[PDB]
């Protein structure tokens, strides 16, 4: 019988590290193994302990006996580029968080099964793995699914809000912009990005338009919205915290105060901890290290009429998403 699932992390990056932080903070899962061939054990101690965005780790972290020891818990450290060679089973890792960014198809992520992992959670959208958003469709998970995706940061922001708006008023169609903090895939100054020329341009100097499937992906976790949403992104030079800007047409008329009422109600009830709601005069830094997937900004949005509205929701793209990865794994464990 499954109790508290043991977890391996592939890719000790922003998400790999903050998933580990979130697992130790929430206690919902146990981290027992980490693989990253570009960060050795002594370096992992440093990268985990000090964090420019979220501050120093509250807890203890050290290297001892070849293990990474976090709050007294030893963690097996692997250094493999090929995920099919990681001995997850030997280390007792049952679920693997696939957070490298480079193994996002079921075929590539399934490599972890060869080393004895039982299931894999891709920390990003997948071309073919079933995608889940906590609070929207995670109850559709079942234990026949050994390889799944937790979607994107942006889909985890848009989808809980889209669900409340659609449930209550009906979304005829919607177009989304996300203004998004810089990330590790960008460049400090103009450099090579042969697939995506705009993404090579210097991230500190530029507003950079970018494509994203996050809005269309909401139609996969909310099938009634299939084909009804799409969108794009602007990358801007802030270190963390991003925002969704949803322009949608509604089937039923909705005064903005009615939109506020149902979003606040959902934030206090069935979407508590997932969807937040504020009326305060907030800015992006007010959501740094905020664990919600989506926080509706009542004062920032604007209605043209009862059927055509612009809705604003904030997300700490690092911290909210990392906590959802842990939440999703604990839910999967409960369904074994």
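Positions refer to the first chain, counted from 1.
If you average the C-alpha B-factors over 136 to 144 and over 186 to 194, the higher value belongs to 186 to 194.
Mean CA B-factor, 103 to 111 versus 260 to 268: the higher value falls on 260 to 268. For the set 236, 215, 86, 129, the PDB entry assigns the largest Cα B-factor to 215. Comparing C-alpha B-factors across 221, 96, 77, 244 in the deposited entry, the largest value falls on 221. Residue 48: CA B factor in the lowest third of modelled residues in this chain (values from the PDB entry). When the modelled residues of the chain are ordered by C-alpha B-factor, residue 160 sits in the lowest third. In this PDB entry, the Cα temperature factor of residue 249 sits in the top third of its chain's modelled residues, the highest group. Ranked against the other modelled residues of its chain, the C-alpha B-factor of residue 28 as given in the entry falls in the lowest third. Ranked by C-alpha B-factor against the other modelled residues of its chain, residue 34 falls in the lowest third.
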